[PDB]
Amino acid sequence: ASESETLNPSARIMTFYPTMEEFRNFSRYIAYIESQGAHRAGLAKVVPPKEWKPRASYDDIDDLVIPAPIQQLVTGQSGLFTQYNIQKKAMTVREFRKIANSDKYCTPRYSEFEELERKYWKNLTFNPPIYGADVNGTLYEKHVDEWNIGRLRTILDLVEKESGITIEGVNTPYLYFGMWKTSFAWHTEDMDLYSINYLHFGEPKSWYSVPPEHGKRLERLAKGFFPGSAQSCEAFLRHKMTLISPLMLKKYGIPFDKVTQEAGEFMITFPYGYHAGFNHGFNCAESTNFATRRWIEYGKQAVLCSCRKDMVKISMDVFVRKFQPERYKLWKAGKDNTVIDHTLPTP
Amino acid sequence: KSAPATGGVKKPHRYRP
Ligand SMILES: O=C(O)CNC(=O)C(=O)O
Ligand SMILES: [Fe+2]
Ligand SMILES: [Zn+2]
């Protein structure tokens with residue numbers, strides 16, 4: 001333990017409340033929370049200063065179109081499930097909100113989150129909800145320069161910069177319109193990048209996270225529960241179809257933490273941090289991926305899915321050449337055997 | 001090869017009825 005492993009030793013989800021001054025520089029603040037060990041949990045919450053807002057009001061989006069909403073059919077039992085996303089016909093937020101608030105797909109009543117959580121894991125395979133996920137677009141106003149998911153200005157911009165290649169949702173923003181019981185399966189980001197998520201408005205979004213330090217253990221458990229999927233694609237979790245309840249993680253000794261995101265709050269996932277969750281009710285979130293110098297090693301060692309052809313793939317060549325010149329030759333010759341230290345920040 | 005070294009979409013699988 002060299003102060004690196006001494007910071008956030010429990011590797012739990014930390015929450016930060018930056019001042020408008022600290023909040024101003026995105027990349028700087030990220031390096032700051034990592035200095036406090038936030039990356040150890042694989043997920044961190046950041047509450048923006050109360051006087052900050054990305055948009056005046058959202059009373060003008062009932063017209064926004066959700067080109068490919070999906071109905072989430074889930075099959076499984078005893079805390080292990082597989083989610084099949086069926087594409088539905090395009091619809092407007094108005095139509096979505098209508099259904100979301102209907103008593104058919106409405107959020108059930110409950111006292112404490114614990115109860116809402118139990119209801120989620122108890123009925124996720126019933127009454128398949130609709131999720132207006134992965135919608136190209138932003139809700140930020142052109143003038144917002146602080147934490148603008150549309151232009152974070154991280155080194156991830158080097159992909160577009162160097163090749164002009166655009167990867168929707170990765171180096172471009174996505175909007176997610178959810179309803180009660182809509183969920184996102186266990187996964188790390190594409191190329192094990194970082195992700196940023198802002199809940200514009202609506203009901204909460206709860207998250208589960210596994211410390212990057214224990215990610216391989218989660219994979220081994222997953223492989224064992226879905227042997228078939230594992231042999232057809234080592235990185236089958238990237239298909240984003242696998243759901244595992246916290247009781248199952250608990251039963252097999254896989255450390256994890258949970259947190260609930262409220263409207264107006266940001267969530268940050270770190271490289272190789274597995275996460276999953278579900279929406280409490282009607283809500284809208286925006287997110288994209290971003291990179292840091294620390295991500296580079298992760299990107300070089302990311303295990304990718306090949307069984308599918310349309311998966312996100314990023315050439316690490318431009319990053320190794322620019323930030324690891326002394327190792328470019330070695331890496332290009334597949335002799336770079338660097339070992340990643342998940343607790344180490346970026347000295 | 002058989003695919004680009006850089007590209008793709010974040011939107012996961014999409015099955016249709
Ligand atoms: O919004 C969702 O359903 C899933 N979001 C993420 O996985 C993220 O922001 O990193
Ligand atoms: Fe994610
Ligand atoms: Zn695959």
# chains A, B, ... in the order shown; residues from 1 in each chain; ligands from 1
call {"tool": "residues_near_ligand", "arguments": {"ligand": "ligand 2", "cutoff": "7 Å", "atoms": "only C-alpha atoms and all ligand atoms", "output": "list in words"}}
result
residues 187, 188, 189, 195, 269 and 275 of chain A
call {"tool": "interface_residues", "arguments": {"of": "chain B", "to": "chain A", "cutoff": "6 Å", "atoms": "only C-alpha atoms", "output": "list in words"}}
result
residues 5, 6, 7, 8, 9, 10, 11, 14, 15 and 16 of chain B
call {"tool": "closest_residue", "arguments": {"among": "A:247, A:298, A:129, A:196", "to": "residue 148 (chain A)", "atoms": "only C-alpha atoms"}}
result
A:196
call {"tool": "residues_near_ligand", "arguments": {"ligand": "ligand 1", "cutoff": "6 Å", "atoms": "only C-alpha atoms and all ligand atoms", "output": "PDB file with C-alpha atoms, in the first residue's frame"}}
result
ATOM      1  CA  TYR A 176     -32.022   7.760 -22.757  1.00  0.00           C
ATOM      2  CA  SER A 183     -32.645  -1.471 -17.170  1.00  0.00           C
ATOM      3  CA  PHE A 184     -29.074  -1.607 -18.384  1.00  0.00           C
ATOM      4  CA  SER A 195     -18.560   7.231 -19.284  1.00  0.00           C
ATOM      5  CA  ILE A 196     -20.399  10.280 -18.031  1.00  0.00           C
ATOM      6  CA  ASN A 197     -24.134  10.241 -17.304  1.00  0.00           C
ATOM      7  CA  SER A 287     -24.254  10.277 -21.703  1.00  0.00           C
TER       8      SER A 287
END
call {"tool": "residues_near_ligand", "arguments": {"ligand": "ligand 3", "cutoff": "6 Å", "atoms": "only C-alpha atoms and all ligand atoms", "output": "number ranges by chain"}}
result
A: 233, 235-236, 305-308
call {"tool": "write_last_selection", "arguments": {"atoms": "N, CA and C atoms", "output": "tab-separated table (two decimals), in the first residue's frame"}}
result
chain	number	residue	atom	x	y	z
A	233	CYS	N	-18.42	-16.15	-27.47
A	233	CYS	CA	-17.82	-14.82	-27.44
A	233	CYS	C	-17.29	-14.54	-26.02
A	235	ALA	N	-16.04	-12.00	-24.68
A	235	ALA	CA	-16.56	-10.74	-24.14
A	235	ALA	C	-18.07	-10.64	-24.36
A	236	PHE	N	-18.80	-11.70	-24.06
A	236	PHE	CA	-20.24	-11.71	-24.28
A	236	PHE	C	-20.98	-10.67	-23.43
A	305	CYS	N	-15.50	-7.90	-28.20
A	305	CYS	CA	-16.40	-8.90	-28.77
A	305	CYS	C	-16.14	-8.91	-30.27
A	306	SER	N	-15.99	-10.10	-30.85
A	306	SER	CA	-15.74	-10.19	-32.28
A	306	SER	C	-16.88	-10.95	-32.95
A	307	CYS	N	-17.65	-11.69	-32.16
A	307	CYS	CA	-18.74	-12.48	-32.70
A	307	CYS	C	-19.76	-11.58	-33.40
A	308	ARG	N	-19.66	-10.28	-33.18
A	308	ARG	CA	-20.59	-9.34	-33.81
A	308	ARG	C	-19.79	-8.37	-34.65
call {"tool": "select_by_dssp", "arguments": {"residues": "region 77-264 of chain A", "states": "strand (DSSP E)", "output": "JSON, numbers by chain"}}
result
{"A": [77, 80, 81, 82, 83, 84, 85, 86, 87, 91, 92, 130, 131, 132, 133, 134, 135, 136, 174, 175, 176, 177, 178, 183, 184, 185, 186, 187, 194, 195, 196, 197, 198, 199, 200, 201, 202, 205, 206, 207, 208, 209, 210, 242, 243, 244, 257, 258, 259, 260, 261]}
call {"tool": "residues_around", "arguments": {"residues": "residue 248 (chain A)", "least_positions_apart": "4", "cutoff": "9 Å", "atoms": "only C-alpha atoms", "output": "mmCIF file with N, CA, C and O atoms, in the first residue's frame"}}
result
data_model
loop_
_atom_site.group_PDB
_atom_site.id
_atom_site.type_symbol
_atom_site.label_atom_id
_atom_site.label_comp_id
_atom_site.auth_asym_id
_atom_site.auth_seq_id
_atom_site.Cartn_x
_atom_site.Cartn_y
_atom_site.Cartn_z
ATOM 1 N N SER A 78 -33.922 -16.980 -10.352
ATOM 2 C CA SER A 78 -32.918 -17.072 -9.299
ATOM 3 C C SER A 78 -31.778 -16.078 -9.515
ATOM 4 O O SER A 78 -30.608 -16.462 -9.489
ATOM 5 N N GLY A 79 -32.120 -14.810 -9.721
ATOM 6 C CA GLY A 79 -31.109 -13.785 -9.909
ATOM 7 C C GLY A 79 -30.254 -13.776 -11.171
ATOM 8 O O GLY A 79 -29.314 -12.992 -11.246
ATOM 9 N N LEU A 80 -30.554 -14.624 -12.151
ATOM 10 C CA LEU A 80 -29.783 -14.663 -13.398
ATOM 11 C C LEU A 80 -30.758 -14.478 -14.554
ATOM 12 O O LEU A 80 -31.696 -15.263 -14.701
ATOM 13 N N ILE A 244 -27.711 -9.699 -13.475
ATOM 14 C CA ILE A 244 -27.356 -10.503 -12.312
ATOM 15 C C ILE A 244 -27.751 -9.691 -11.083
ATOM 16 O O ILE A 244 -27.318 -8.557 -10.917
ATOM 17 N N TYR A 252 -21.849 -15.148 -4.182
ATOM 18 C CA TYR A 252 -20.587 -15.663 -4.680
ATOM 19 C C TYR A 252 -19.414 -14.776 -4.325
ATOM 20 O O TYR A 252 -18.395 -14.802 -5.000
ATOM 21 N N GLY A 253 -19.548 -13.998 -3.260
ATOM 22 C CA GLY A 253 -18.444 -13.158 -2.827
ATOM 23 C C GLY A 253 -17.907 -12.091 -3.770
ATOM 24 O O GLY A 253 -16.754 -11.688 -3.645
ATOM 25 N N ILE A 254 -18.720 -11.617 -4.703
ATOM 26 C CA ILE A 254 -18.264 -10.572 -5.607
ATOM 27 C C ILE A 254 -18.579 -9.208 -4.988
ATOM 28 O O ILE A 254 -19.745 -8.834 -4.829
#
call {"tool": "residues_around", "arguments": {"residues": "region 98-102 of chain A", "least_positions_apart": "2", "cutoff": "12 Å", "atoms": "only C-alpha atoms", "output": "PyMOL selection string"}}
result
chain A and resi 62+91-96+104-108+128-132+177-182+202-203+279-284
call {"tool": "residues_around", "arguments": {"residues": "residue 205 (chain A)", "least_positions_apart": "3", "cutoff": "8 Å", "atoms": "only C-alpha atoms", "output": "PyMOL selection string"}}
result
chain A and resi 260-262+277-280
call {"tool": "atom_distance", "arguments": {"atom1": "CA of residue 207 (chain A)", "atom2": "CA of residue 186 (chain A)"}}
result
10.1 Å
